[PDB]
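Take a look at this single chain, the form deposited in one PDB entry, given in structure tokens.
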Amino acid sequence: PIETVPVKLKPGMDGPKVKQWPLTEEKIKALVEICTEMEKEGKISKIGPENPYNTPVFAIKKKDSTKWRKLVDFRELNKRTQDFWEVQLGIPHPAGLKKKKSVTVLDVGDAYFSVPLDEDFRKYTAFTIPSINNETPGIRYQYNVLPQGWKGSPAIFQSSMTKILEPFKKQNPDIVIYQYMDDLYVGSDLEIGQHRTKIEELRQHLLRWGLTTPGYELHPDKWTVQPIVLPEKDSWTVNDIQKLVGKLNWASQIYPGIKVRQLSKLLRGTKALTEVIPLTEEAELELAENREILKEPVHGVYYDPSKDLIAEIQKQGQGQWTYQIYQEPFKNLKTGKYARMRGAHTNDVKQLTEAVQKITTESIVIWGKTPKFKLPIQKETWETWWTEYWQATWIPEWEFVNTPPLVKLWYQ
């Protein structure tokens, strides 16, 4: 008997209609068990084909969890609700969260099940559960409460949430707390043990409101960037200088102060690639000045809240991956490298999956947004395997690129 906030789609936009993809027997068993209990508790109820909207569903295990978590791919719905959770009931972003020595992430998704959902909106949360070998037709449901992974859930529940919070905010005025979808980011500057302890306190506070909390610990101050770097060589072949000029010329789209004139002079002839070329003093100084510029920041790179984040990833080999986050081309808000992630040297898709997750997490902490990924993989290769390695409760937007690397500019 709680009031239901009415919700509407962005004007001129119909509800999501997205086919359910095939699921493994292990995932289907988990979903059937999860949905049976949710139906019994009234969180969801069965629906007919007259509802014309569907959203994909699947199950994940969070890192080390071993316990299945239902996960709905609400990206299409969230795009059609978009104006609602931005222009009205949204959450501000604590610019200080990235500065805290430790940040823990908690899954508060269960809380959303408390609140009910606008009766007119429930038609849009429909999801079908498939059957192995199509023994049965699809078993369709819809949500009677606030669904996990929908972007209206944290907004509708923000009023309820802040009240549950405010006692703990007032006992610790220095602890920063941020809410992104199903997750609560809790950032303290405390020492490790005190930090973990304060997390238990915020757990109990959630407990006396009837919310269960089954955490991820970050260290955003450790986070660093990956500068463009130029090789150090005792001797330079013609091929080496040709590589260097190509990298510097591309880099000049980012740092306009890069100059290749004196380095180009070294390759005036028509020379064998392996011929050793002594550097002149003028080129040594031009190269020195260049290395310094690349240490510097790009002029006038600042985050813009209106514009979308874009993430680009490159596979550098040997378990190493490089990424750039930006909004405008060549104005990069961050650039980084990942190495020796899970699956290194055996599984590219597991590694790319881990990379997408880590990059999305940083964007949530730094900017409270998730970027759109340009993924260096074939669409069919990614779609076949990615869910197998996914351990997060959100799902970013992605697209697929096929661009081979004419210059290894980012790694070295």
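Numbers for residues come from their place in the sequence shown, where the first is 1. Here the rigid core means the biggest group of C-alpha atoms that line up within 1.5 Å when the two forms are laid on top of each other.
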Does the entry skip any residues of the deposited sequence between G300 and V301, and if so, is it 1 to 3, 4 to 9, or 10 or more, or none at all? none
Could you settle it for me: does 18 to 26 or 5 to 13 have the higher average Cα B factor in the PDB entry? 5 to 13
Quick one: higher average CA temperature factor, 224 to 232 or 318 to 326? 224 to 232
Among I91, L71, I254, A272 - the residue whose C-alpha B-factor is largest in the record: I91
Highest Cα temperature factor in the entry, among the options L184, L244, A339, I164: which one is it? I164
Please say which third, lowest, middle or highest, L248 falls into when its CA temperature factor is compared across its chain. lowest
Chain-relative CA temperature factor third for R196: highest
Sorting the chain's modelled residues by C-alpha B-factor, tell me whether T213 ends up in the lowest, middle or highest third. highest
For the chain shown, is the CA B-factor of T66 in the lowest, middle or highest third of its modelled residues? highest
Just say lowest, middle or highest third for the CA B-factor of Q204 relative to the other modelled residues in its chain. highest
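Keep in mind that the form deposited in another entry is not shown, yet the notes after this line are about it.
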Out of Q88, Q194, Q204, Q171, the residue that alone shifts its CA by 2 Å or more between the shown form and the other one when the rigid core is the reference: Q88
Once you overlay the rigid core, does the Cα of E119 travel 2 Å or further between the shown form and the other one? no
Would you say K99 moves between the shown form and the other one, meaning its CA shifts by 2 Å or more once the core is fitted? no
For a quick test of reading the superposition: does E328 move by 2 Å or more at the CA between the shown form and the other one, rigid core aligned? no
Sense of CA distance change between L165 and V87 in the other form, threshold 3 Å: closer
Relative to what's shown here, the Cα pair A311 and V407 differs by 3 Å or more in the other form. Does it come closer or drift farther? closer
